[PDB]
């Protein structure tokens, strides 16, 4: 049998894992919230300085938080309402400072003014993320996904958007 000190040490480490998992869920919650509400400075804080991830089906690859936030902002203008809704996460602590997470995303885009007015886009994806921990704080390091489906369509003009945090 193990000593008390040994059992406490075990509890310390096991609890740290549970704490790290909550922190990662909280991280990803912030990420979506800041993205869909276009608080770009805040969003930048969720990203590792060592970040490397890609977009436009691998056509574009970015190497810092600045670079990524700048880019997302370009694809998410005022005219575009975004909802990126995360579900049923599967988080795994790979080491004391690294982790992997799967997420299930429903997404929804609605254009209100500008050149793509009334265009609607809906879909789903299985994201897989990598995270890393730096000075006691978790950060997103890599994000990749598999598309479940994507549908593009013209919305009915007779639909009235009665409230909008962006207009």
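Residue numbers count along the first chain shown, from 1.
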For this session: Can you let me know which of the two, 133-141 or 64-72, has the higher average C-alpha B-factor in the entry?
Result: 64-72
Exercise. As stated in the PDB record, which stretch has the larger average Cα B-factor, 152-160 or 17-25?
Worked result: 152-160
For this session: Name the one of 50, 98, 128, 122 with the greatest CA B-factor according to the PDB entry.
Result: 50
Problem set entry | Given 102, 115, 30, 108, the residue at which the Cα B factor reaches its maximum | 115
